[PDB]
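Note that the chains are named A, B, C, D, E, F, G, H, I and J in the order they appear, and that numbering of residues resets to 1 at the start of each chain.
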Amino acid sequence: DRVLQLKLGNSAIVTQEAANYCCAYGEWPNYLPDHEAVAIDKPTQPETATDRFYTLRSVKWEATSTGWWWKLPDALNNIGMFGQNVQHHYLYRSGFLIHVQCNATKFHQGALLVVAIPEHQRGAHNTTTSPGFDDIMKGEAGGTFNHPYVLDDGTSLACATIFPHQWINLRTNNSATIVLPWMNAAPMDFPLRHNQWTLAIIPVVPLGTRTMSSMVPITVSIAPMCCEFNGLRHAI
Amino acid sequence: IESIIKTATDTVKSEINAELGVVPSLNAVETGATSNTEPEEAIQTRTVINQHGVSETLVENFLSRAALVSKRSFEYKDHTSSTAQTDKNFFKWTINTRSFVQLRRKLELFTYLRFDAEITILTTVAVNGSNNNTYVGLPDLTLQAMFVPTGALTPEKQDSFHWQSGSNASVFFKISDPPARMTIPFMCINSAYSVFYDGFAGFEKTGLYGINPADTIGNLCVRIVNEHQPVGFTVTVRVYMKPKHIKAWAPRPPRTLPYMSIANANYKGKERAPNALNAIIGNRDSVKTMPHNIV
Amino acid sequence: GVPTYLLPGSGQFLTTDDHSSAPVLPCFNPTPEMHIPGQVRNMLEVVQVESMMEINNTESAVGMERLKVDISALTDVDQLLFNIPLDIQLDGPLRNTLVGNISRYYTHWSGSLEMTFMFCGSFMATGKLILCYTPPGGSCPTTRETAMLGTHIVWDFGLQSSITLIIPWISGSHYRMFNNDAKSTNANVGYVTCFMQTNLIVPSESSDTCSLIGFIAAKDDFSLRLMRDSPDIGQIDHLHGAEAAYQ
Amino acid sequence: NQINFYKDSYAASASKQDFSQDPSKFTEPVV
Amino acid sequence: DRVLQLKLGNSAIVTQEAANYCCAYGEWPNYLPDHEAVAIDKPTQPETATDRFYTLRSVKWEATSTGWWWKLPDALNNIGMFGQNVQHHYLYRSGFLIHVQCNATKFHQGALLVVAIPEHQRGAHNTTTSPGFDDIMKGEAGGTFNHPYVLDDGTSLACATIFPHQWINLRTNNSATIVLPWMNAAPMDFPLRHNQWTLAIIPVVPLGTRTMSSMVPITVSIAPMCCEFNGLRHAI
Amino acid sequence: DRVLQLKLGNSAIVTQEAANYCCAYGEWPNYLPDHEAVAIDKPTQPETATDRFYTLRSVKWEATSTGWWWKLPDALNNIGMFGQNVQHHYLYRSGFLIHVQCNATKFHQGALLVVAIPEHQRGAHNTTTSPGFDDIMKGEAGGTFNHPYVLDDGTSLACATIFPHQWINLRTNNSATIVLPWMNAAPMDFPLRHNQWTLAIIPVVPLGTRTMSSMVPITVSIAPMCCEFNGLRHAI
Amino acid sequence: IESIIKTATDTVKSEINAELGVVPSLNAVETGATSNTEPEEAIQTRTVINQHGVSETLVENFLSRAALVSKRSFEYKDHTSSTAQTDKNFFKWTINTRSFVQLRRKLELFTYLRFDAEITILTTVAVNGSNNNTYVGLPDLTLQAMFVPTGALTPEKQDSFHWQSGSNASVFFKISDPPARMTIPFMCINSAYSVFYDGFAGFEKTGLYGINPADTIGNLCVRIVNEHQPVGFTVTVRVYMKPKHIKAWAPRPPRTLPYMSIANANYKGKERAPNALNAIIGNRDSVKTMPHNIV
Amino acid sequence: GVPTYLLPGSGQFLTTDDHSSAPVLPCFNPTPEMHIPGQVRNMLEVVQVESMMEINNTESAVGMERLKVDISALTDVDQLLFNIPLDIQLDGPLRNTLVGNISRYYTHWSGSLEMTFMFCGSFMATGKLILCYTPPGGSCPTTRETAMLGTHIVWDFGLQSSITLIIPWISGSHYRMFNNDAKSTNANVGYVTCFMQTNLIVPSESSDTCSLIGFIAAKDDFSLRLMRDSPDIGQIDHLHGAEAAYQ
Amino acid sequence: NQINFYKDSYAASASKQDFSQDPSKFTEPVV
Amino acid sequence: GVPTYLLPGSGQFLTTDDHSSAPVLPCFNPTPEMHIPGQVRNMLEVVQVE
């Protein structure tokens, strides 16, 4: 459909069958203004080094794939110079340029509500205990959805479209682009113990084709846009 | 068009250019080369002023390197005594680029080149050791280098009476001297030297293929002026041609295989890779296996 | 004028001299120049055009199957497709390129490299694909997450069917040389590594031998400097026609 | 810088001054 | 992709899935100017009669097809009014409008570097003898490539892109158009004993498809553009 | 003597008995201009994160201490966000703000030629073999001087004052400050395989005192000033 | 700053300057060098106009002295008969400053130097006396001096067919002639020659230390053009490089110890003083004992 | 022009020639010059900076203990501390100086010498100290009253902890040479003699091995003339790598 | 006084005319 | 002027040279030229005839 080039840092993503991007909540990402700031420390603003698109582990898409989610910046907590700056700084502010490519053939019947949940407070089925570190902060590999229909938090996938979202419907869309800005109540907040954004890709319509079954990988490339960092400390 | 560039082009500052509807990097190969420049996409460049050398990579600077085109170590003796087609103190070198593969590859980079051949004839003497002669000094022979066009009769002897040079161009230079820096002009009836010629020289069907009749510059008949010495020397005449006044047309694939013949472009590579027929580039162990890796 | 002393650099045939030389033909008017097409006034015009690399530098890849690379639908994600030693002089995929054969005439080379890869597949052959170029300093990557940190670009095949990655000019010096030691700060350009991003999705009626053709060109800032003599050709013996053009 | 004292224009110095070049002949040979 | 109509003479070629054409070396074809001419004879300039697109013998494309080449005007030496004018004139000047159509389906995996070599001085493998008439001037049927990788002349296909070229990559290109002008050192030169252009179509990526194998013909239509002819003699 | 505050990033150094600083070669550190640059990549310029003063391992000073040297950025190759950016980037440009504090009492008799050698090509005594990685790139711990009198390279300490230098003469100087700019022939060059600066602290006059012998530590704090980074790659 | 001085600075008249509150002579070493000039304190100077030579002590005048960098007395004979790595009528001298300690110390005065190498190749012939040959005259051999950059293949024989010089720079000069005054340019990919390099050439850990990959100018392959004479000569090719167009950076301590290796700066002094490891300066009998005293 | 006669100074490689020489690389554009720090456009900028002398030229002073001089609290007044042969060429304390190693390249030297001595002692280490420089013509002094008549300067240690004596330029000629005969009117610069003035007063907790570090620099009128070849290095054999860079 | 007849600016005479020099880079490298 | 380096094309008798040559007769005034008929200033005047 619409060609789209996203050039930030050394990385560049060119997609030929994408739709228009998803500038989230009418807000392009920006650095902290002199009024919205709360930390006197000079921000690192390590542009180019941390605004690169970080291609994550591509998860396989099958007919029984319920869903996958990645928490930002937990998916990028240990990846690249953004991961090094996240470990080396206590305060951070970064929007995210989501680009999820699902390269499938034109004979493929499926769709992915690639949704970006702000503060996905995940729940656990049939137990009142809160999810731990191993159920929330999976990291670069991400976490799968046991129950994607309830959006794994007691809410509803049906209404997940109030969130920054596109679809990777394999009819005429192989790649989707969501432009997340910084979103938290705090202007800057701890990256390794909070997830300001949670990108979730859910096979709402599971991949289908009577054609040669081929792993339809869900290549996730999140570029942390407009990176800011305060509180330079040791590598936490 | 209308580019008079003298230095390398400076790159400008690039920002996050993530724009819907147009894209720089996804180009079409199936027209020609691509127009995706550095600040357009794929990188967030910085404004760097580029002052790099473009004069050194000019096509005239590329091609006005005086390289060897004929090395003849003809034996200078009383050839009369015993000699059969043995360069009797003179050789009729038909002027071809194609004898030495360095400058041959440099001129076979391009289909067409109009140039003037700055011909420098460096001549070295060596006393031949087959007769077990002593060194007895290296003589300062005056060595005539007559350039005859095609149609003019080439000489058959050292004193062949065709060295009178009533109209033929010749230089008379000694060996204990600087070499003969002579410039043969654009000696072509066409507007360029067809370094490659997909055609036959004669109108008959049995003509030789690939030799342009326009590019037959002629023969460079090089001789020894003075008479034969009792001690035999091996006069090695190396003619070096500097393509000067370079105007080149239609750049080509360079010759990867080793050259075989002067008259044609017949090919046979090395017995394995590199520069072989079935493998021009030396093979790796696998497609993902990476050679010359720091570990 | 009359008092002239000879310099130490006299009587020397400097192959790279430009001194005017005696006209052998004395009033020789040359042929009038016609407007032939394709005048190359600078070799950097030849290098700025596309040229295939031989990605399959493989003994099984004989002849025609060296320029193309047969990638398939692998069942594993984040898989390495191929790595290109971006070494112009070290007889790598590039050597046989118009940016590489011409830069093998030059000891010094500089400027940003173009990296244009086209997809020679079917129209229904879809799938994103990522071209990671990493600056030198470490090993050549074999996994996606350690290679996406460098200069990478994601390529959905789409309609234009060809991406143009741009190698940026990262070097401590102004001109990377061809020191014949790929592993040299002043010689290594880096590694271009190609990975699956969302896998090659092909239908049943399309072949699962879909092929990538890459090209490396130069940009308008590319420059070659000290001119050497390309090691591509080798005259270990006299060619045919020698001792016969002499006749 | 030219010591061309001969009567022929071809016998001059090697003119390494043709800095103008048109790369669009071979890079972008379209339209 | 891009529609393109080439209307010269009575012939017209309409292609719906072509790219932009390949005006060669930045040079549209033209007649000999009053300054570049070398032959006092009035040129024939038999426009329309010789600027027609001449559809050649279409060669079959299989998986083992190494390559095919056609030499201009040797491919058109005996074809049409251009062939009659070539036989009836000793001097000629004509650019060529190459149009090569490879009508393959959208499930077909292959590409053709349709390259136009100026003065393809062909070599012969393992022998120092020059190629004869039967190895160079094949005529309208053309000659196949025994070794297309070395471009059959000791050079390299990889670098053949310095030549006027397109690609007939069957993803989104079924037809390629190369607009050759007149190119020789001479302004006019003998057609039947010289090949100023050599159009070579090489299956760089061989045709592939798991679909019904169907002869993918390589239809070659060369229109000799801006035709000029001097030296009217007998039919050589 | 002269008070001096060096405030870059979150780190700040206050010294009460220092001399004037040593702005090296009349050159304050600066980023790469648009003219001196050679790498099209956008630099990281991770200011504050890498301009912090990095306090190294303090070496003990005794009466028999010959000398210690640190190579820049090899001393900071694995330290902090500058070390992370050095590992994550192939090209770098950073000046260095040396501050060496030698807190000794007023009864202490000693001096340190704290010298900053550009490209200390170290030699080895009684062998013609080049020094290896274990003799050159010691890292954060640094390397001691076996022969500081010859400056460990065949040269001379006596003339080491042509280099950016101060003295930490314990009469009226407890801290010395050398402001190194970027210095290489290349505008940017590989950090982990080259040392553009080599800071060497040599007890030219060895510590002396008839007072309570107390470890006189040589606290070295190098702040990498005006940090620039190109070629974002994996962690080498 | 902004000093365009051409002569030595004149001193002004000094008086009794015994002033309280400021002092010129008591400076601080622990910043840098001192600013106490001659009329400021410690002497009552006189106004003398200083017209002394500063052009002779310019850094270009210091460094454009053509000194030796490679002396190869390679044996010129029919090396074919019997020769193993014996300079078969040609040597592939990799261009390094570091071979001869005079100009090596002059260029190792500075960390960085951008310069053009005016290379003068003076070649001398001597008849070798191991075969007890007679003098029989000193021949006028044309001697090719081909400069190959790195990456270009160095030749392996005298007639190795790499002497064609299609693009390689070479001079063809005889011995009965002025020497080859050739200028190799600033052949560095960086903006200066890093004469000292605190780094490794390769990206691997096993690279050789101290050799800048930017400063690999290449090899200066010098050969004999003409064929072997029956009498053997010892051709001694001395290449002298005059650092011309001098721009120097970061002056250094000069090398006091005798040099050991070309590739590195490894050191071992003389067995006692002077220029020893434990004593660079020759020792006196005592601290107050004064040598070279007029009594 | 055409009538040219060869001078007697023709065909001579004068090592110190400046004649233009043939460019080996013919259109070679060099690397663009960046603003590297520390450009030295004149060696007299190198000599104008401080450089330690080796005051202890003593067999007991091995290695590190040569630059420093261990002075103590002597019980006698007017005592000689050390004398420096101000001979740059006669391998004296100066030879190993940036004013001395560079002037060992030059036969002629001129200009006022800087003589800066710092005190590497404790803060409580006090005592005046006198740096007598005497012009040549007599012997080197050993007592204070015969040395204070020359160029002397009294140095209380104080706070700045370093004096800068200035050697004045006293010579009959305009340039003292390095004739290798220290005792030559045209070669001797004089003698710098150091004496106790009010003795080195040190407390009990401070060491009675207080140390002086001297430097000799040049001034803005200093000048070196005829350039010779420094006798510091000696190539009695070929270095390592010779017969190997030749390979 | 310059006999530079070559087309390269590097091949000229040894420029012993850079009389300007800044000794404060190494003598007084402060403030 | 004084600094002169010999070219590689020195001491060569290029038969087709045009370099000025020493006058053997030093103040030799030649014969005055009369208007002889049939001056051929170009051989292409000879070839243009039957």
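The working rule: contacts are C-beta pairs under 8 Å (C-beta built on N, C-alpha and C of every residue); 3 or more make two chains touch, one makes a residue touch a chain.
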Selected pair, out of C-E, A-C or C-F, that shares over half of its residue contact pairs with F-H: C-E
Interface with more contacting C-beta pairs, comparing B-D to F-G: F-G
Centre distance in Å when subunit A and subunit I are each reduced to the mean of their C-alpha atoms: 58
Inter-centroid spacing, subunit I versus subunit H (mean Cα positions, whole Å): 26
Distance between chain centroids, defined by C-alpha means - subunit A, subunit J (Å): 87
Gap in Å, rounded to a whole number, between the CA centres of subunit J and subunit F: 75
Multi-chain contact residues (two or more partners), subunit H: 4, 7, 10-13, 17-32, 34, 36-42, 44-46, 48-50, 54, 63, 66, 96, 98, 101, 118, 160-161, 213, 215, 217, 220, 240
Shared interface positions of subunit F, touching two or more other chains: 1, 20-22, 24-27, 35-36, 38-43, 88-89, 118, 128, 147, 149, 156-159, 161-162, 167, 169, 173, 183-187, 189-190, 193-194, 231-232
Sequence positions of subunit G contacting 2 or more other chains: 1, 5, 28-33, 54, 58-59, 61, 64, 111-112, 116, 118, 120, 122, 161-162, 164-169, 171-172, 174, 177-179, 181-183, 185-192, 199-200, 202-205, 207, 212, 214, 242, 244, 249-251, 253-256, 259-261, 263, 266, 277-278, 280
Touching residues on subunit J, where the partner in the complex is subunit C: 1-10, 12, 14, 16-18
Residue ranges of subunit G in contact with subunit F within the complex: 1, 28-33, 111-112, 188, 190-194, 196-200, 202-203, 205, 207-210, 212, 214, 249-257, 259-261, 263-269, 277-278, 280
Subunit I partner contacts - residues on subunit F that touch it in the complex: 20-27, 162, 164
Contact footprint of subunit A on subunit C as seen in their complex: 73-78, 123-130, 133, 144-145, 148-161, 163, 165-166, 168, 195-206, 208
In the complex with subunit B, residue positions of subunit C that touch it: 10-26, 28, 30-34, 36-46, 48-50, 54-59, 61-63, 66, 69, 80-83, 85, 87, 90-93, 95-96, 98, 101-102, 105-106, 110-112, 114, 116, 118, 136, 138-140, 142, 151, 153, 155, 158, 160-166, 168, 174-175, 182-183, 188, 191, 213, 215, 217, 219-227, 229-230, 232-236, 238-242, 244-247
